[PDB]
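Down below is the structure, laid out as structure tokens.
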Amino acid sequence: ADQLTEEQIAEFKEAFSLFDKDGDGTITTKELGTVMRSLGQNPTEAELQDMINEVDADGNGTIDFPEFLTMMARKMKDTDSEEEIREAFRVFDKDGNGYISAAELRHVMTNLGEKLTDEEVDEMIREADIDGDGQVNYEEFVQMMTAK
Amino acid sequence: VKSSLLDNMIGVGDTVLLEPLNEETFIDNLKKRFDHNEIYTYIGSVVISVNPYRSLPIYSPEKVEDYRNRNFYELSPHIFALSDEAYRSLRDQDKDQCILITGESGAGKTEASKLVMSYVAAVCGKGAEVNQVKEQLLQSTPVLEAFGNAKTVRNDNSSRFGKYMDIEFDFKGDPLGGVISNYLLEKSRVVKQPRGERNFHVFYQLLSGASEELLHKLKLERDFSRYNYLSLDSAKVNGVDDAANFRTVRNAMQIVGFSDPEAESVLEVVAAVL
Amino acid sequence: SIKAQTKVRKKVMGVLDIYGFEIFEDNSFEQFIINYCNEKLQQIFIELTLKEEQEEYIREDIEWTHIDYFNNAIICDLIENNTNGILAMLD
Amino acid sequence: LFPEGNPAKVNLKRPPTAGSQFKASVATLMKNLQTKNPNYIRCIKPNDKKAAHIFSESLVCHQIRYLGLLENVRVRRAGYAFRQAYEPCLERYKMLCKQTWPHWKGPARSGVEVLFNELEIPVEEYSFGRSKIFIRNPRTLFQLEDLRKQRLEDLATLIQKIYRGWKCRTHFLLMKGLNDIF
Ligand SMILES: Nc1ncnc2c1ncn2[C@@H]1O[C@H](COP(=O)(O)OP(=O)(O)O)[C@@H](O)[C@H]1O
Ligand SMILES: [Mg+2]
């Protein structure tokens with residue numbers, strides 16, 4: 001029970017100082033999930049706004065670094081798995097041949113969930129061009145996502 | 001989006017669980033789903049198809065691929081889920097499947113057969129070899145309408161034989177071909193028509209839509225009252241008009257493969273029996 | 001024109017465009033044969049589908065024998081019997 | 001058309017009339033159906049006047065009476081409305097249990113039993129078989145596909161936010177790489 005090691009807190013300070021283009025020692029609320037999903041915990045938007053509304057009852061728009069250590073210490077135990085991701089793309093594969101359809105994958109990634117924009121799914125089809133067009137090897141794709 | 005029985009139910013899609021159950025609560029169900037223009041209505045693995053008599057747009061290839069590998073209880077009731085279930089039991093279970101399309105004349109059995117077989121050749125995934133097979137079956141459909149279907153008093157294009165269109169796959173899923181097979185051609189309609197009906201309307205097509213030299217060399221006469229096999233009191237039928245349907249059928253015969261001496265010979269035999 | 005050349009063990013998906021009950025106000029021999037092949041058609045429902053339900057249901061260890069069905073073998077026996085049929089007395 | 005007219009083909013039998021011919025054609029049809037699985041279309045016309053709106057009640061009640069549909073509804077209320085084997089049912093439906101999703105849960109029939117005991121499904125609704133899993137009612141699968149779609153919306157939100165995480169990780173590695181690391 002550390003709960004965070006010293007080199008990891010040094011990585012939080014390095015990422016917090018690197019992402020801060022304002023130079024004021026704090027960031028906004030709309031880009032805190034950019035840092036937290038750059039570090040790779042993958043929370044949701046509603047839980048993130050729940051924690052921002054929990055630490056800020058006035059809407060200041062400033063995020064502190066000990067508050068960020070408290071949030072990332074809370075999100076330390078939230079560890080996902082590659083197998084639930086893999087079985088999820090097996091479910092969305094309606095065929096069972098390992099090659100999920102890129103147009104149906106676009107329909108899932110745009111028309112179901114939090115309704116992503118054209119540019120991110122355009123980056124997803126452009127990333128699946130090496131498996132496309134029309135077919136997507138999800139088994140290679142989840143290993144290209146969850147490699148680092 | 002899609003019509004779903006899961007969220008926002010419309011009537012009941014499956015009538016087997018519809019209670020209270022009588023004739024009246026079932027005709028009220030068909031009237032209710034005919035109101036919302038949802039014509040297909042399951043009884044489980046049995047599909048009710050009410051004739052809309054108009055182009056309902058849900059037959060697109062997006063509906064075809066949309067219903068591909070979808071069970072009975074995920075979507076709205078539609079014929080592509082039964083056709084796709086029988087394609088699943090053909091493909092995965094490796095055993096023969098048949099679809100028996102019944103109902104009154106003029107309800108749309110032949111059209112529903114064309115839509116079933118169009119779906120089957122669509123979701124087979126081998127769209128290069130199966131296309132000309134499907135196309136010769138579909139373009140052979142109005143030919144068999146002309147030579148095998150006639151006007152009863154109820155319908156105007158009543159089905160008077162058992163058509164049976166096959167599509168034939170390998171166990172590796174390769175389309176070999178397809179065999180069409182007649183059953184129970186009503187022979188005695190050729191010689192007697194019961195007082196409100198008319199003969200197989202290829203005689204009316206041959207005596208209406210044919211050129212004068214073709215009437216001359218087939219030794220026929222355009223008067224419908226000359227021929228004992230040919231009714232006059234029920235000869236004229238609106239809608240399906242005694243018209244240029246003949247050149248539609250003959251052009252379809254050209255599509256299927258009949259040469260001009262071949263189709264000329266066929267019309268000559270039709271003139272001999274007439 | 002479309003024949004299974006180099007014929008092998010194949011599998012078939014078929015479509016039967018067959019009528020329904022042509023029940024006309026003045027029925028004849030033709031509507032008799034029509035209603036008859038409807039009787040054989042319901043016999044190929046009540047034989048194939050209902051009896052595969054029964055061998056399936058009983059075979060998968062569930063204790064049913066569903067309540068009753070009106071079998072059509074009595075009507076086939078009325079018409080296609082070689083001695084007591086209706087078609088046989090017409091022959 | 002007529003190979004019977006060959007004098008080298010002495011066909012001496014009398015002509016079969018029509019019960020022989022049509023009955024033999026029905027027997028040929030039954031030869032071409034008993035080897036197959038049937039799946040039915042029952043087709044209904046609303047009126048004879050070819051109308052797209054007018055729905056005559058008496059003609060359709062005629063056709064309901066003689067297509068044998070209420071007897072069909074009675075027969076299909078025997079015990080079931082749905083049947084499947086175990087393994088594609090557990091593979092398709094394992095997301096609704098916390099334990100079977102995503103892996104696995106062995107054995108197949110037992111994890112199926114945990115799946116039906118997880119959603120508080122009544123014992124009257126399902127039934128257990130030897131090699132197949134079985135469901136009586138259509139509204140049961142309406143509920144199971146409803147909860148399945150509600151599960152797949154959360155799962156699609158999960159996949160979209162993990163793709164946002166890999167995207168922001170890619171921009172983080174690009175931002176780290178474009179800072180002239182000595
Ligand atoms: N599903 C359908 N959608 C639209 N029109 C239909 C449909 N079924 C039948 N029809 C109409 O019915 C006419 C022919 O019906 P048909 O299939 O010949 O009936 P049957 O097979 O009972 O003789 C066509 O002109 C068509 O306009
Ligand atoms: Mg027809």
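Each chain in the structure tokens gets a letter, A, B, ..., in the order shown, and its residues are numbered from 1; ligands are numbered from 1 in order too.
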Checklist line | Exercise answer, 7 Å around ligand 1 with only C-alpha atoms and all ligand atoms, as a PyMOL selection string | finding: chain B and resi 51-56+103-112+157-159
Next item on the list: Could the residues of chain B within 12 Å of chain A, counting only C-alpha atoms, be given as number ranges by chain, please?
Entry: B: 1-2, 62, 65-71, 88, 92, 123, 125
Restrict the selected residues to N, CA, C and O atoms and save them as a PDB file, in the first residue's frame.
ATOM      1  N   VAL B   1     -32.043   3.571 -37.516  1.00  0.00           N
ATOM      2  CA  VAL B   1     -32.661   2.741 -36.489  1.00  0.00           C
ATOM      3  C   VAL B   1     -33.456   1.605 -37.121  1.00  0.00           C
ATOM      4  O   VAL B   1     -33.321   1.328 -38.313  1.00  0.00           O
ATOM      5  N   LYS B   2     -34.286   0.948 -36.314  1.00  0.00           N
ATOM      6  CA  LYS B   2     -35.005  -0.235 -36.757  1.00  0.00           C
ATOM      7  C   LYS B   2     -36.270  -0.405 -35.929  1.00  0.00           C
ATOM      8  O   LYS B   2     -36.359   0.073 -34.794  1.00  0.00           O
ATOM      9  N   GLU B  62     -29.717  -2.969 -48.084  1.00  0.00           N
ATOM     10  CA  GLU B  62     -29.404  -2.660 -46.696  1.00  0.00           C
ATOM     11  C   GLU B  62     -30.311  -3.426 -45.740  1.00  0.00           C
ATOM     12  O   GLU B  62     -29.902  -3.738 -44.616  1.00  0.00           O
ATOM     13  N   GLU B  65     -28.579  -7.184 -46.029  1.00  0.00           N
ATOM     14  CA  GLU B  65     -27.421  -7.327 -45.157  1.00  0.00           C
ATOM     15  C   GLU B  65     -27.762  -6.993 -43.709  1.00  0.00           C
ATOM     16  O   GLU B  65     -27.120  -7.519 -42.792  1.00  0.00           O
ATOM     17  N   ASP B  66     -28.791  -6.169 -43.490  1.00  0.00           N
ATOM     18  CA  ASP B  66     -29.204  -5.823 -42.135  1.00  0.00           C
ATOM     19  C   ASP B  66     -29.803  -7.020 -41.406  1.00  0.00           C
ATOM     20  O   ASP B  66     -29.613  -7.170 -40.193  1.00  0.00           O
ATOM     21  N   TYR B  67     -30.518  -7.884 -42.120  1.00  0.00           N
ATOM     22  CA  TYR B  67     -31.133  -9.051 -41.504  1.00  0.00           C
ATOM     23  C   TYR B  67     -30.244 -10.283 -41.578  1.00  0.00           C
ATOM     24  O   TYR B  67     -30.670 -11.367 -41.167  1.00  0.00           O
ATOM     25  N   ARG B  68     -29.022 -10.133 -42.078  1.00  0.00           N
ATOM     26  CA  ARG B  68     -28.125 -11.266 -42.235  1.00  0.00           C
ATOM     27  C   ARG B  68     -27.587 -11.709 -40.880  1.00  0.00           C
ATOM     28  O   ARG B  68     -27.003 -10.907 -40.143  1.00  0.00           O
ATOM     29  N   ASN B  69     -27.772 -12.999 -40.579  1.00  0.00           N
ATOM     30  CA  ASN B  69     -27.513 -13.601 -39.265  1.00  0.00           C
ATOM     31  C   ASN B  69     -28.230 -12.829 -38.157  1.00  0.00           C
ATOM     32  O   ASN B  69     -27.611 -12.227 -37.277  1.00  0.00           O
ATOM     33  N   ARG B  70     -29.557 -12.828 -38.230  1.00  0.00           N
ATOM     34  CA  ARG B  70     -30.424 -12.253 -37.211  1.00  0.00           C
ATOM     35  C   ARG B  70     -31.511 -13.268 -36.895  1.00  0.00           C
ATOM     36  O   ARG B  70     -32.141 -13.802 -37.814  1.00  0.00           O
ATOM     37  N   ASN B  71     -31.741 -13.537 -35.610  1.00  0.00           N
ATOM     38  CA  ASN B  71     -32.701 -14.576 -35.265  1.00  0.00           C
ATOM     39  C   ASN B  71     -34.135 -14.050 -35.354  1.00  0.00           C
ATOM     40  O   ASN B  71     -34.400 -12.948 -35.843  1.00  0.00           O
ATOM     41  N   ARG B  88     -29.363 -20.512 -42.689  1.00  0.00           N
ATOM     42  CA  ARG B  88     -28.486 -20.969 -41.618  1.00  0.00           C
ATOM     43  C   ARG B  88     -28.570 -22.477 -41.453  1.00  0.00           C
ATOM     44  O   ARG B  88     -27.543 -23.151 -41.309  1.00  0.00           O
ATOM     45  N   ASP B  92     -25.106 -24.256 -41.995  1.00  0.00           N
ATOM     46  CA  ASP B  92     -24.439 -24.784 -40.813  1.00  0.00           C
ATOM     47  C   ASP B  92     -24.802 -26.235 -40.544  1.00  0.00           C
ATOM     48  O   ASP B  92     -23.924 -27.043 -40.228  1.00  0.00           O
ATOM     49  N   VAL B 123     -27.642 -13.395 -49.816  1.00  0.00           N
ATOM     50  CA  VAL B 123     -26.851 -13.635 -48.611  1.00  0.00           C
ATOM     51  C   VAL B 123     -26.054 -14.924 -48.701  1.00  0.00           C
ATOM     52  O   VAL B 123     -25.499 -15.387 -47.698  1.00  0.00           O
ATOM     53  N   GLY B 125     -23.336 -15.096 -50.374  1.00  0.00           N
ATOM     54  CA  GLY B 125     -21.966 -14.643 -50.379  1.00  0.00           C
ATOM     55  C   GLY B 125     -21.165 -15.052 -51.591  1.00  0.00           C
ATOM     56  O   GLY B 125     -19.947 -14.841 -51.608  1.00  0.00           O
TER      57      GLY B 125
END
Next item on the list: Find the residues around range 122-132 of chain D up to 12 Å (only C-alpha atoms counted), leave out those fewer than 5 positions away in its own chain, and share them as a count of residues only.
Entry: 34
Next item on the list: For chain D, report every residue with an atom at most 8 Å from chain B (counting only C-alpha atoms), formatted as a PyMOL selection string.
Entry: chain D and resi 22+25-26+29+33+35-46+48+50-53+55+57+60-61+63-64+67+70+72-74+76-77+81+137-138+141-143+145-146
Notebook entry, point to check: Looking at only C-alpha atoms, which of A:139, A:58, A:133, A:127 is the one that sits closest to residue 88 in chain A?
Noted result: A:139
Margin query: If we count only C-alpha atoms and set the cut-off at 10 Å, which residues sit around residue 46 in chain C, ignoring sequence neighbours fewer than 4 positions away in its own chain? Please answer as JSON, numbers by chain.
Written below: {"C": [40, 41, 42, 50, 51, 52, 53, 69, 70, 71, 72, 73]}
Per residue of chain C within 12 Å of ligand 2, which atom pair is closest and at what distance in Å (one decimal), using only C-alpha atoms and all ligand atoms, listed by chain and increasing number, as a tab-separated table?
residue	atom	partner	partner_atom_place_in_ligand_line	distance
C:16	CA	ligand 2	1 (Mg)	11.0
C:17	CA	ligand 2	1 (Mg)	7.2
C:18	CA	ligand 2	1 (Mg)	8.2
C:19	CA	ligand 2	1 (Mg)	7.8
C:20	CA	ligand 2	1 (Mg)	10.6
Could you save those same residues with C-alpha atoms as a PDB file, in the first residue's frame?
ATOM      1  CA  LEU C  16     -42.604 -24.058 -53.476  1.00  0.00           C
ATOM      2  CA  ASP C  17     -44.972 -21.559 -55.069  1.00  0.00           C
ATOM      3  CA  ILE C  18     -48.120 -23.607 -54.435  1.00  0.00           C
ATOM      4  CA  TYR C  19     -51.665 -22.246 -54.114  1.00  0.00           C
ATOM      5  CA  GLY C  20     -53.941 -22.009 -51.157  1.00  0.00           C
TER       6      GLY C  20
END
Within 12 Å of chain B, which residues of chain C show up? Give each one with its shortest atom-to-atom distance in Å (one decimal) and the two atoms involved, counting only C-alpha atoms, rows by chain then rising residue number, as a Markdown table.
| residue | atom | partner | partner_atom | distance |
| --- | --- | --- | --- | --- |
| C:1 | CA | B:257 | CA | 7.8 |
| C:2 | CA | B:177 | CA | 5.3 |
| C:3 | CA | B:177 | CA | 5.3 |
| C:4 | CA | B:176 | CA | 5.0 |
| C:5 | CA | B:176 | CA | 7.3 |
| C:6 | CA | B:176 | CA | 9.0 |
| C:7 | CA | B:176 | CA | 8.6 |
| C:8 | CA | B:170 | CA | 8.2 |
| C:9 | CA | B:170 | CA | 7.5 |
| C:10 | CA | B:170 | CA | 5.0 |
| C:11 | CA | B:169 | CA | 5.4 |
| C:12 | CA | B:168 | CA | 4.6 |
| C:13 | CA | B:97 | CA | 4.7 |
| C:14 | CA | B:166 | CA | 4.3 |
| C:15 | CA | B:99 | CA | 4.8 |
| C:16 | CA | B:164 | CA | 4.4 |
| C:17 | CA | B:163 | CA | 4.9 |
| C:18 | CA | B:162 | CA | 4.6 |
| C:19 | CA | B:102 | CA | 5.2 |
| C:20 | CA | B:103 | CA | 4.0 |
| C:21 | CA | B:104 | CA | 6.4 |
| C:22 | CA | B:104 | CA | 6.7 |
| C:23 | CA | B:104 | CA | 9.2 |
| C:24 | CA | B:154 | CA | 8.1 |
| C:25 | CA | B:153 | CA | 9.7 |
| C:26 | CA | B:194 | CA | 8.7 |
| C:27 | CA | B:194 | CA | 9.5 |
| C:28 | CA | B:194 | CA | 8.8 |
| C:29 | CA | B:188 | CA | 9.0 |
| C:30 | CA | B:186 | CA | 6.8 |
| C:31 | CA | B:186 | CA | 9.7 |
| C:32 | CA | B:186 | CA | 11.2 |
| C:33 | CA | B:184 | CA | 8.6 |
| C:34 | CA | B:184 | CA | 8.6 |
| C:35 | CA | B:104 | CA | 11.7 |
| C:36 | CA | B:184 | CA | 11.2 |
| C:37 | CA | B:184 | CA | 8.9 |
| C:38 | CA | B:102 | CA | 9.2 |
| C:41 | CA | B:100 | CA | 9.2 |
| C:42 | CA | B:100 | CA | 10.8 |
| C:44 | CA | B:100 | CA | 10.4 |
| C:45 | CA | B:100 | CA | 9.9 |
| C:49 | CA | B:45 | CA | 10.8 |
Next item on the list: Take CA of residue 107 in chain D and CA of residue 95 in chain D and report the distance between them in Å, one decimal.
Entry: 16.0 Å
Test item: residues at most 12 Å from range 19-25 of chain A, only C-alpha atoms, excluding those fewer than 2 positions along its chain, as a PDB file with N, CA, C and O atoms, in the first residue's frame:
ATOM      1  N   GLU A  11       6.084  10.399 -13.057  1.00  0.00           N
ATOM      2  CA  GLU A  11       5.442  10.341 -14.366  1.00  0.00           C
ATOM      3  C   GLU A  11       4.159  11.169 -14.400  1.00  0.00           C
ATOM      4  O   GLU A  11       3.816  11.736 -15.446  1.00  0.00           O
ATOM      5  N   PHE A  12       3.437  11.254 -13.274  1.00  0.00           N
ATOM      6  CA  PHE A  12       2.275  12.140 -13.224  1.00  0.00           C
ATOM      7  C   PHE A  12       2.697  13.601 -13.307  1.00  0.00           C
ATOM      8  O   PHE A  12       2.007  14.421 -13.926  1.00  0.00           O
ATOM      9  N   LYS A  13       3.821  13.946 -12.677  1.00  0.00           N
ATOM     10  CA  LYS A  13       4.318  15.315 -12.734  1.00  0.00           C
ATOM     11  C   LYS A  13       4.873  15.642 -14.114  1.00  0.00           C
ATOM     12  O   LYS A  13       4.733  16.773 -14.595  1.00  0.00           O
ATOM     13  N   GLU A  14       5.503  14.660 -14.766  1.00  0.00           N
ATOM     14  CA  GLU A  14       6.039  14.876 -16.107  1.00  0.00           C
ATOM     15  C   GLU A  14       4.923  15.028 -17.131  1.00  0.00           C
ATOM     16  O   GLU A  14       5.008  15.876 -18.030  1.00  0.00           O
ATOM     17  N   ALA A  15       3.868  14.220 -17.011  1.00  0.00           N
ATOM     18  CA  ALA A  15       2.740  14.344 -17.927  1.00  0.00           C
ATOM     19  C   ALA A  15       1.938  15.612 -17.652  1.00  0.00           C
ATOM     20  O   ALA A  15       1.463  16.268 -18.589  1.00  0.00           O
ATOM     21  N   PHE A  16       1.787  15.977 -16.373  1.00  0.00           N
ATOM     22  CA  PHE A  16       1.043  17.184 -16.028  1.00  0.00           C
ATOM     23  C   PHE A  16       1.798  18.445 -16.429  1.00  0.00           C
ATOM     24  O   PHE A  16       1.175  19.445 -16.803  1.00  0.00           O
ATOM     25  N   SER A  17       3.128  18.416 -16.363  1.00  0.00           N
ATOM     26  CA  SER A  17       3.912  19.560 -16.806  1.00  0.00           C
ATOM     27  C   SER A  17       4.065  19.588 -18.320  1.00  0.00           C
ATOM     28  O   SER A  17       4.239  20.665 -18.901  1.00  0.00           O
ATOM     29  N   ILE A  27      -4.955  22.682 -15.456  1.00  0.00           N
ATOM     30  CA  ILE A  27      -5.593  22.441 -16.740  1.00  0.00           C
ATOM     31  C   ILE A  27      -7.098  22.630 -16.579  1.00  0.00           C
ATOM     32  O   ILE A  27      -7.597  22.935 -15.497  1.00  0.00           O
ATOM     33  N   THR A  28      -7.818  22.441 -17.682  1.00  0.00           N
ATOM     34  CA  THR A  28      -9.262  22.596 -17.699  1.00  0.00           C
ATOM     35  C   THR A  28      -9.941  21.267 -17.377  1.00  0.00           C
ATOM     36  O   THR A  28      -9.295  20.233 -17.190  1.00  0.00           O
ATOM     37  N   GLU A  31     -10.217  18.629 -20.692  1.00  0.00           N
ATOM     38  CA  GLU A  31      -9.021  17.939 -21.152  1.00  0.00           C
ATOM     39  C   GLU A  31      -8.373  17.093 -20.067  1.00  0.00           C
ATOM     40  O   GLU A  31      -7.262  16.591 -20.270  1.00  0.00           O
ATOM     41  N   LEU A  32      -9.031  16.933 -18.917  1.00  0.00           N
ATOM     42  CA  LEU A  32      -8.520  16.035 -17.887  1.00  0.00           C
ATOM     43  C   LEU A  32      -8.632  14.581 -18.327  1.00  0.00           C
ATOM     44  O   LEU A  32      -7.755  13.763 -18.024  1.00  0.00           O
ATOM     45  N   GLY A  33      -9.693  14.249 -19.066  1.00  0.00           N
ATOM     46  CA  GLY A  33      -9.826  12.907 -19.603  1.00  0.00           C
ATOM     47  C   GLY A  33      -8.869  12.621 -20.743  1.00  0.00           C
ATOM     48  O   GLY A  33      -8.617  11.459 -21.070  1.00  0.00           O
ATOM     49  N   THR A  34      -8.344  13.671 -21.381  1.00  0.00           N
ATOM     50  CA  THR A  34      -7.278  13.488 -22.361  1.00  0.00           C
ATOM     51  C   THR A  34      -6.006  12.996 -21.683  1.00  0.00           C
ATOM     52  O   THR A  34      -5.318  12.104 -22.197  1.00  0.00           O
ATOM     53  N   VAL A  35      -5.697  13.547 -20.508  1.00  0.00           N
ATOM     54  CA  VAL A  35      -4.543  13.088 -19.743  1.00  0.00           C
ATOM     55  C   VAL A  35      -4.805  11.702 -19.166  1.00  0.00           C
ATOM     56  O   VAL A  35      -3.956  10.807 -19.258  1.00  0.00           O
ATOM     57  N   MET A  36      -5.988  11.501 -18.573  1.00  0.00           N
ATOM     58  CA  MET A  36      -6.299  10.229 -17.923  1.00  0.00           C
ATOM     59  C   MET A  36      -6.456   9.078 -18.904  1.00  0.00           C
ATOM     60  O   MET A  36      -6.209   7.928 -18.531  1.00  0.00           O
ATOM     61  N   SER A  38      -4.763   9.278 -21.863  1.00  0.00           N
ATOM     62  CA  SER A  38      -3.399   9.157 -22.361  1.00  0.00           C
ATOM     63  C   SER A  38      -2.568   8.257 -21.458  1.00  0.00           C
ATOM     64  O   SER A  38      -1.706   7.516 -21.945  1.00  0.00           O
ATOM     65  N   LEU A  39      -2.814   8.308 -20.147  1.00  0.00           N
ATOM     66  CA  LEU A  39      -2.129   7.410 -19.223  1.00  0.00           C
ATOM     67  C   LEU A  39      -2.694   5.999 -19.301  1.00  0.00           C
ATOM     68  O   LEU A  39      -1.995   5.035 -18.967  1.00  0.00           O
ATOM     69  N   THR A  62     -10.396  24.615 -12.929  1.00  0.00           N
ATOM     70  CA  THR A  62      -8.991  24.403 -12.611  1.00  0.00           C
ATOM     71  C   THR A  62      -8.826  23.035 -11.966  1.00  0.00           C
ATOM     72  O   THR A  62      -9.602  22.663 -11.080  1.00  0.00           O
ATOM     73  N   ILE A  63      -7.818  22.290 -12.414  1.00  0.00           N
ATOM     74  CA  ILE A  63      -7.530  20.954 -11.905  1.00  0.00           C
ATOM     75  C   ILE A  63      -6.170  20.993 -11.224  1.00  0.00           C
ATOM     76  O   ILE A  63      -5.169  21.369 -11.845  1.00  0.00           O
ATOM     77  N   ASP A  64      -6.136  20.605  -9.957  1.00  0.00           N
ATOM     78  CA  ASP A  64      -4.901  20.599  -9.193  1.00  0.00           C
ATOM     79  C   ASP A  64      -4.204  19.247  -9.306  1.00  0.00           C
ATOM     80  O   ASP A  64      -4.821  18.221  -9.600  1.00  0.00           O
ATOM     81  N   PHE A  65      -2.896  19.265  -9.071  1.00  0.00           N
ATOM     82  CA  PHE A  65      -2.071  18.061  -9.128  1.00  0.00           C
ATOM     83  C   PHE A  65      -2.233  17.119  -7.925  1.00  0.00           C
ATOM     84  O   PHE A  65      -2.188  15.902  -8.138  1.00  0.00           O
ATOM     85  N   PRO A  66      -2.396  17.578  -6.666  1.00  0.00           N
ATOM     86  CA  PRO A  66      -2.784  16.607  -5.623  1.00  0.00           C
ATOM     87  C   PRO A  66      -4.188  16.054  -5.800  1.00  0.00           C
ATOM     88  O   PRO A  66      -4.437  14.902  -5.419  1.00  0.00           O
TER      89      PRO A  66
ATOM     90  N   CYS D 168      -5.769   9.017 -27.543  1.00  0.00           N
ATOM     91  CA  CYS D 168      -5.046   9.967 -26.702  1.00  0.00           C
ATOM     92  C   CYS D 168      -3.687   9.427 -26.276  1.00  0.00           C
ATOM     93  O   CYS D 168      -2.770  10.211 -26.002  1.00  0.00           O
ATOM     94  N   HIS D 171      -1.618  10.278 -29.377  1.00  0.00           N
ATOM     95  CA  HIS D 171      -1.242  11.689 -29.346  1.00  0.00           C
ATOM     96  C   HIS D 171      -0.263  11.988 -28.215  1.00  0.00           C
ATOM     97  O   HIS D 171       0.516  12.943 -28.310  1.00  0.00           O
ATOM     98  N   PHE D 172      -0.289  11.194 -27.142  1.00  0.00           N
ATOM     99  CA  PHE D 172       0.665  11.397 -26.058  1.00  0.00           C
ATOM    100  C   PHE D 172       2.053  10.896 -26.439  1.00  0.00           C
ATOM    101  O   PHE D 172       3.061  11.514 -26.079  1.00  0.00           O
ATOM    102  N   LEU D 173       2.126   9.770 -27.156  1.00  0.00           N
ATOM    103  CA  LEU D 173       3.415   9.273 -27.626  1.00  0.00           C
ATOM    104  C   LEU D 173       3.968  10.131 -28.755  1.00  0.00           C
ATOM    105  O   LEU D 173       5.191  10.272 -28.883  1.00  0.00           O
ATOM    106  N   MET D 175       3.299  13.429 -28.991  1.00  0.00           N
ATOM    107  CA  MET D 175       3.699  14.650 -28.299  1.00  0.00           C
ATOM    108  C   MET D 175       4.992  14.453 -27.518  1.00  0.00           C
ATOM    109  O   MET D 175       5.815  15.371 -27.442  1.00  0.00           O
ATOM    110  N   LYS D 176       5.197  13.261 -26.952  1.00  0.00           N
ATOM    111  CA  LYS D 176       6.462  12.963 -26.289  1.00  0.00           C
ATOM    112  C   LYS D 176       7.591  12.811 -27.302  1.00  0.00           C
ATOM    113  O   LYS D 176       8.725  13.233 -27.047  1.00  0.00           O
ATOM    114  N   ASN D 179       9.420  16.249 -29.009  1.00  0.00           N
ATOM    115  CA  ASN D 179       9.976  17.240 -28.093  1.00  0.00           C
ATOM    116  C   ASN D 179      11.499  17.210 -28.056  1.00  0.00           C
ATOM    117  O   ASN D 179      12.093  17.727 -27.102  1.00  0.00           O
TER     118      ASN D 179
END
Note to self: Residues of chain D within 8 Å of chain A, counting only C-alpha atoms, what are they? List them as an NGL selection string.
What the structure shows: :D and (92 or 101-103 or 153-172)
Check: Please, which residues of range 25-144 of chain D, numbered as in this document, come out helix (DSSP H, G or I) from DSSP, as JSON, numbers by chain?
Finding: {"D": [25, 26, 27, 28, 29, 30, 31, 57, 58, 59, 60, 61, 62, 63, 64, 65, 66, 67, 69, 70, 71, 72, 73, 74, 75, 76, 86, 87, 88, 89, 90, 91, 92, 93, 94, 95, 96, 108, 109, 110, 111, 112, 113, 114, 115, 116, 117, 118, 138, 139, 140, 141, 142, 143, 144]}
Notebook entry, point to check: Between B:80, B:258, B:227, B:203, which one has atoms that come closest to residue 119 in chain B, using only C-alpha atoms?
Noted result: B:80
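You will find CA of residue 136 in chain D at 15.3 Å from CA of residue 54 in chain C.
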Note to self: Which of chain C end up as strand (DSSP E or B) when DSSP is run on this backbone - answer as number ranges by chain?
What the structure shows: C: 10-17
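Interatomic distance, CA of residue 9 in chain A to CA of residue 77 in chain A: 15.9 Å.
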Notebook entry, point to check: With only C-alpha atoms as the basis for distance, which of C:81, C:55, C:67, C:75 is at the shortest distance from chain D?
Noted result: C:67
